[PDB]
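The values are calculated or read from the model by the stated rules, or taken from the named source; these are not laboratory values. Here Cβ is always computed from backbone atoms with ideal geometry, including for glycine, and neighbour counts include all displayed protein chains.
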Amino acid sequence: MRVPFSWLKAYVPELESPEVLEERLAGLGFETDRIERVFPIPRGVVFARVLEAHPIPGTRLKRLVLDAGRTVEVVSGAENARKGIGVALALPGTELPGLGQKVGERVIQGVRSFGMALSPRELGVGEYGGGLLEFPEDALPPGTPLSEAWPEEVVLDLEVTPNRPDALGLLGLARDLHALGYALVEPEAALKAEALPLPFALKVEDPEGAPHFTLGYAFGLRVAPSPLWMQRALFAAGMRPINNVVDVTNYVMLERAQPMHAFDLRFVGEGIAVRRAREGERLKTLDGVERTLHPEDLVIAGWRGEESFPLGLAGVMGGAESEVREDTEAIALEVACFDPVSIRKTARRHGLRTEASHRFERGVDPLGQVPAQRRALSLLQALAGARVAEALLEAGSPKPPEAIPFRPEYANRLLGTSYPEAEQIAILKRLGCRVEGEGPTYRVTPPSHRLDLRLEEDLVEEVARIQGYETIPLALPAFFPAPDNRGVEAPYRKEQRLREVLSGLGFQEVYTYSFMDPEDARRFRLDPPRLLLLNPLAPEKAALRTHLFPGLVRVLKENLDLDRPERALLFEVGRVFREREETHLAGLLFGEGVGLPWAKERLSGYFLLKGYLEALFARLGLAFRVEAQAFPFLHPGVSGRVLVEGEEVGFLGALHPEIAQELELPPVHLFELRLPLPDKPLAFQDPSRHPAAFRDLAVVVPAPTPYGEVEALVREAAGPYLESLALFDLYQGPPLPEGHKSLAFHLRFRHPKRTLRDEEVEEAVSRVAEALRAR
Amino acid sequence: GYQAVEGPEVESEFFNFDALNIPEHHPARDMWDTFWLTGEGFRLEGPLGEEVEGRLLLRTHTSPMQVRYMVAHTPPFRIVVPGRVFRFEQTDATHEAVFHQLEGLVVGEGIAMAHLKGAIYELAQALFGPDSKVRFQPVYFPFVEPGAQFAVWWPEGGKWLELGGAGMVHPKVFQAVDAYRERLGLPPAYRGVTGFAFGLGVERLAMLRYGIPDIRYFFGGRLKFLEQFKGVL
Amino acid sequence: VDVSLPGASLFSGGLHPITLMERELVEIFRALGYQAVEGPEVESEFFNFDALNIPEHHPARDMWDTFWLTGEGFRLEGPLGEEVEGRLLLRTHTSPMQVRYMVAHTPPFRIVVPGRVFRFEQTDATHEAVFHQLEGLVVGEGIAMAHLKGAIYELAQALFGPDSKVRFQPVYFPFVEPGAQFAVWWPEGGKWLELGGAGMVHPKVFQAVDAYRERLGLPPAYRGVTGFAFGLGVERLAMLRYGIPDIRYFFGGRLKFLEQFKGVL
Ligand SMILES: Nc1ncnc2c1ncn2[C@@H]1O[C@H](COP(=O)(O)OC[C@@H](N)Cc2ccccc2)[C@@H](O)[C@H]1O
Ligand SMILES: Nc1ncnc2c1ncn2[C@@H]1O[C@H](COP(=O)(O)OC[C@@H](N)Cc2ccccc2)[C@@H](O)[C@H]1O
Ligand SMILES: [Mg+2]
């Protein structure tokens, strides 16, 4: 929201400077995004009045005869150019913002143009450029440099939060600076109205849409360009001056956050009817756009006999037809409070966001209408010399705000401050609140323009910001947390110790988007994503990852393409989405592997990834193992399910080659599990001092048999004193059955209280060999 | 004395917006550009392991956890909540669509703003300082009145850094909590207690701390970048 | 391929139980705003005994069976990196650090001090010559005993409980009046455990601190502030927690024992 320093200074005279202002506002809850200097006008540009405008035969240009002090001629192509207005004359020699080429005397078309009159774009005061600036013919003595009446200005780009809609009016902010102690100057709306009756009527057919609605009557209007200070102020605020009357509705809309529209009576007919639009009703809106209405759209219409026609779009924009122009002498003034949601709906329904729509959507003072009318009207009488009727057409009586209970002690208690009661009330009262009651709990009724003030806390936030957030001391609380909060951190911590262990084991951590390309559900042989986006960022991020590894693999690729890493080992922990949200952990290995760099050999591949895995659990104190399992995305044979201590979670294996190749990628090794991992609470156990019983043993079993069942059996029959069981070797083997293999098993035994008697050793050994292949 | 706890990335419109004083058709619902979801058979769990209903979405901020926690527990307490959040804006170098935030909530009888101020101050000191200080400006949030945005003094680089938002928990939020609690059969626990909460951008901070320039760098799984933080500790 | 086969024998590391217990105790106090700092194992008779209200020829000096040292060219550093004098020894408890810290810093503060201490007793299953303790000190204006009581209570809750509670009995220590020995309620095993000692820092200790500070040119900082300190046996606790039976087990570098705590976290 643009804030012209000098304009606001009109309501807050004792303002220090734009900088102190930015300061004061930041503290009140308004952040300045930018500050700017704006109306630089050379001595070259002066005020001139068009005495005559003669068009040049055979051309679309006019020769303008100007009174600039001494008479002078310029040639203009601008359409609004005509006798009877004041203009901005850039004399020859003037340097203008736009043209790096200096203004000069050019012979245009049989006529020598002494300089040129300017459009807002050219003078630099505005974006327009499609026509000359138009001034009251008598604004200044012909010749006086414009700068004299048009000084540069400073404009703050402010940020008005949705809770401060009253702030969309400069007067709204001025009421705050006032709360801080500044003097406040409310414009006095002087008005000389007449007793006469109003030449039209008002019918509010949809009161749900237009809760409060008023009409004013002004006639005997002399429509002309707005005085300079107003054109200045409006241009400064980012709006473009049209004519005194229109300009007034905009000025006031910016002053109080109350949009309003002046309708030429010529088009009203018998009266104004506020009603929903009839299906397929047409309206050529102000912007010159022809539009078709929807029946939900609240509209401002007129009627003649049995004719009902749309004049403008309620709260959003006025019709092109009824809009005020030079030839207007009487109008009806719309000043209302519309229903935000309808406006919102209607507004975004067509491609529109206007000064008015914006404010109506955010909220308008439910009782600002009538005072608003007195202001605009008074202004009208002054700038357009309007005759104003003393009566208004009013519709819908809105109810005032209620008293809010307020305890000064509570305020201090909540902020942790100690402001004296008196200081507090003084503040609320400065903000326009009524404070009744003797204490300790008071009856505080907020002004109606304050829609954000409903609860006692809203009231406290107030004493706070006015006194200043910086005035709240620093403290630290101390208390024994309620019991049920005791263990809380466990899970989080668990995950972190894990995350940490990995990076320490040698895994580079990675962060992957939680999105998924529905297409990969195919590319990677896996079921489809159970959750999809209604507003995907891209059709390639339209689903929610069901698996983590696809992403890792995908990362693998792009890395290869950017930098060429020989090997890579990494992991990632993230939330995948299936029936329920789940925390998964996957890791990917690739490359030559580990070993001597220079020295030839490497040791890598699947059994390397497993190596690490086993170590990791070894470190976590969890007993893990793998068993071959068929996995759609995993090359078989090299596929396997994972068994954390006693359980099935995730998988591990080599990436199925088919996919390996569908992607410019060589071989990759993976694994993906579900967290949290289960945990085995340690049961400490005394180790015995009596030396163990050592053994040499091998097993010959079919080439297909899985190491698993093997170890399993041997183990389950070893007996209760088997301290260790390892595998030092195996090979298929020439010296034995074509379809069987050999197994080097080192064995150890121990008895806690005493040493193991050989009687029990070569005895139990058999206990195994027996049911060993007895099976 | 704060404890770290986590929430779900896929939330219900109820916990993300409704619970916190955020309206459907008003300007508030319009500060967060949300990602709506669809799909069936997806089971969303409530604070107590119950199934909850509401249009599904991707948590827009971590605040929802303020509610899941308060429903499941009893004050007084201190929690902090790290979490990956999701927003629909266009990704530039200081803004992303997938980022993380850290939420903080302290509820108890007697809690005041000065405590929130103290809290934040201890954070600055801990990060930069003791030659560093804290900046609290009023701002608006539906779930906290008084609301505030806060900046920290970076003595080194010599500039103010806007870190996050905070405020005193809104009455309507406490109300919502108890109301849902009784709906679940639990007794009201937040009548007569006070509290403050805050939330900050983690990437915005990691960037300033570890000297990273492009926020987009985080989700760009490039090793050459990742490895640069190997020995950060 | 046979996937059920063993992978590449990769080394799986572990951490010593004392380190584990240390870490846990520390994380706990860290949450109450305490900071962990360490002292030297070789101390001066001054910091170990003199600084703390402990006399030379009286019954107090006689509660700790000390290890005296000899050797030259050994440089002992003071709180400020200055050389200090006194008969060398092996810190008998961690308390000396109470002093080195207070000399080097300004209140208010909260610290906790883990440390290997040394005593000359005979090694049994519940007593050793080389063990660790954890010292705690909180100094500030307004500090009272209820704070020391609260502190300890939060520790019990954090270790066992909330069905656990704290026991404070008066006891004597030269460096704290009021002195106290404290036990914790172990709801599980159902017995009281005597954990350590604590009390309100003795005036004479604050005195000593400032006196040495001025000797070093620093202004007095502990006039008019209060404080409590405590100290506990770590092995005594690790044993109860991780279910170990012989305290001698800790310094017995046996792997079969050490590895038993691999996944403690
Ligand atoms: N698109 C984006 N990319 C990265 N960081 C972003 C971001 N949008 C916001 N942030 C960071 O995330 C923080 C939180 O987002 P914002 O929408 O500002 O606050 C939202 C609340 N969760 C914070 C709060 C909690 C409790 C009480 C009051 C306020 C911001 O301070 C900002 O630093
Ligand atoms: N020989 C030994 N072996 C193992 N643990 C021992 C031990 N002698 C004592 N301890 C343990 O170490 C702890 C401290 O030893 P103790 O001599 O009792 O106290 C000595 C002080 N450092 C404790 C204290 C600090 C501050 C204020 C008051 C007291 C005892 O509680 C005990 O559990
Ligand atoms: Mg407010």
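Remarks
- Checked against the criterion of being in the same structural domain as A:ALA521 (by CATH), under 25 Å from A:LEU722 (Cβ atoms) and free of Cβ contacts under 8 Å to residues at least 24 places away in the same chain, the candidates A:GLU645, A:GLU614, A:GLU627, A:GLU711 yield just one match: A:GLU614.
- Residue within region C:231-244 that is under 22 Å from the mean Cα position of the chain (by Cα), over 20 Å from C:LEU25 (Cβ atoms), away from ligand 1 (no atom under 16 Å from the Cβ) and assigned to a loop (DSSP other than H, G, I, E, B) present: no
- Some residue of region A:412-422 being more than 35 Å from the chain's Cα centre (by Cα), in a loop (DSSP other than H, G, I, E, B), away from chain B (no Cβ under 12 Å) and among the hydroxyl-bearing types (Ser, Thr, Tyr): yes
Residue-wise test of (1) under 30 Å from A:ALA543 (Cβ atoms); (2) surrounded by fewer than 22 Cβ atoms within 10 Å (Cβ to Cβ); (3) within 16 Å of ligand 2 (Cβ to nearest atom).
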| residue | (1), (2), (3) |
| --- | --- |
| B:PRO76 | no, yes, no |
| B:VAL81 | yes, no, no |
| B:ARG84 | yes, yes, no |
| B:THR91 | yes, yes, no |
| B:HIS100 | yes, yes, no |
| B:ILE120 | no, no, no |
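- The set of residues from region A:593-623 being within 14 Å of chain C (Cβ to nearest Cβ) and assigned to a loop (DSSP other than H, G, I, E, B) comprises A:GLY593, A:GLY595, A:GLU601, A:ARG602, A:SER604, A:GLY605, A:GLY621, A:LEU622, A:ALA623.
- Whichever residue in region A:445-460 is under 20 Å from A:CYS337 (Cα atoms) and under 27 Å from the mean Cα position of the chain (by Cα) and, among such residues, is nearest to ligand 1 (Cβ to nearest atom): A:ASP452
- A:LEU502 being outside any loop (DSSP other than H, G, I, E, B) and either assigned by CATH to the domain that holds A:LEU415 or surrounded by 15 or more Cβ atoms within 10 Å (Cβ to Cβ) (or both): yes
- Residue check for C:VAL205: of a type in the set (A, V, I, L, M, F, W, C), touching a helix residue (DSSP H, G or I) at 6+ places or on another chain (Cβ under 9 Å) and assigned to a strand (DSSP E or B): no
- Residues (away from every other protein chain (no Cβ under 14 Å) and out of contact with any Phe, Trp or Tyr (no Cβ under 9 Å at 6 or more places or on another chain)) located in region A:12-34: A:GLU16, A:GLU19, A:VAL20, A:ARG34
- Search result, residues across region A:112-130 that are in a loop (DSSP other than H, G, I, E, B) and either in contact with a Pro (Cβ under 6 Å, 6 or more places away or on another chain) or within 16 Å of A:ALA48 (Cβ to Cβ) (or both): A:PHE114, A:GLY115, A:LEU118, A:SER119, A:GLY124, A:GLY126, A:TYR128
- Selection status of A:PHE406, away from ligand 1 (no atom under 16 Å from the Cβ) and surrounded by fewer than 21 Cβ atoms within 10 Å (Cβ to Cβ): no
- C:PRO174 falls short on exactly one of the conditions (1) within 16 Å of ligand 2 (Cβ to nearest atom); (2) touching a strand residue (DSSP E or B) at 6+ places or on another chain (Cβ under 7 Å), and that condition is (2).
- Scanning region C:8-23 for residues that are crowded, with 17+ Cβ neighbours inside 10 Å, touching a residue at least 40 places away in the same chain (Cβ under 8 Å) and within 11 Å of another protein chain (Cβ to nearest Cβ) returns C:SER12, C:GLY14, C:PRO17, C:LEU20.
- Filtered residue count, region C:175-205, keeping only those that are surrounded by 20 or more Cβ atoms within 10 Å (Cβ to Cβ) and touching a residue at least 60 places away in the same chain (Cβ under 8 Å): 6
- For region B:48-65, taking the residues that are more than 28 Å from A:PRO340 (Cα to Cα) and within 17 Å of the chain's Cα centre (by Cα), the one that is farthest from the other protein chains (Cβ to nearest Cβ) is identified as B:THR62.
- Per-region count, region C:227-265, residues under 16 Å from C:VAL184 (Cβ atoms), of a type in the set (A, V, I, L, M) and more than 14 Å from chain A (Cβ to nearest Cβ): 3
- Residues that are out of contact with any helix residue (DSSP H, G or I) (no Cβ under 6 Å at 6 or more places or on another chain) and of a type in the set (A, V, I, L, M, F, W, C) were ranked within region A:211-233; the one that is nearest to A:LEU393 (Cα to Cα) is A:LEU215.
- Test: residue in region A:544-553 that is outside the structural domain of A:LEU670 (by CATH), surrounded by 19 or more Cβ atoms within 10 Å (Cβ to Cβ) and farther than 30 Å from A:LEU428 by Cα: no
- So A:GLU572, is it charged (D, E, K, R), away from chain C (no Cβ under 11 Å) and surrounded by fewer than 19 Cβ atoms within 10 Å (Cβ to Cβ): no
- Extreme residue, nearest to ligand 3 (Cβ to nearest atom), among residues of region A:434-458 that are at the interface with another protein chain (Cβ under 9 Å from one of its Cβ atoms) and without any contact (Cβ under 8 Å) to a residue 60 or more places away in the chain: A:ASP458
- Where A:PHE684 falls short, out of the listed (1) more than 22 Å from C:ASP2 (Cβ to Cβ); (2) in contact (Cβ under 8 Å) with a residue 12 or more places away in the chain: (2)
- All strands (runs of 3 or more DSSP E) inside region B:93-194 with 2 or more residues being more than 9 Å from chain A (Cβ to nearest Cβ): B:98-108, B:144-154, B:159-169
- The residues on offer are A:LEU414, A:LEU380, and the sole one that is surrounded by 15 or more Cβ atoms within 10 Å (Cβ to Cβ) and in the same structural domain as A:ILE242 (by CATH) is A:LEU380.
- Screening A:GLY29 with (1) within 30 Å of A:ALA464 (Cβ to Cβ); (2) in contact with a strand residue (DSSP E or B) (Cβ under 8 Å, 6 or more places away or on another chain); (3) without any contact (Cβ under 8 Å) to a residue 40 or more places away in the chain gives one miss only, at (3).
- Odd one out for B:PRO138, checked against (1) touching a residue at least 40 places away in the same chain (Cβ under 8 Å); (2) more than 25 Å from A:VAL573 (Cβ to Cβ); (3) under 18 Å from the mean Cα position of the chain (by Cα): (1)
- Number of the exception - A:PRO371 against (1) of a type outside the set (D, E, K, R); (2) away from chain B (no Cβ under 14 Å); (3) outside any helix (DSSP H, G or I): (3)
- Residue within region A:461-473 that is within 16 Å of ligand 1 (Cβ to nearest atom), facing another protein chain (nearest Cβ under 9 Å), free of Cβ contacts under 8 Å to residues at least 40 places away in the same chain and not basic (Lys, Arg) present: yes
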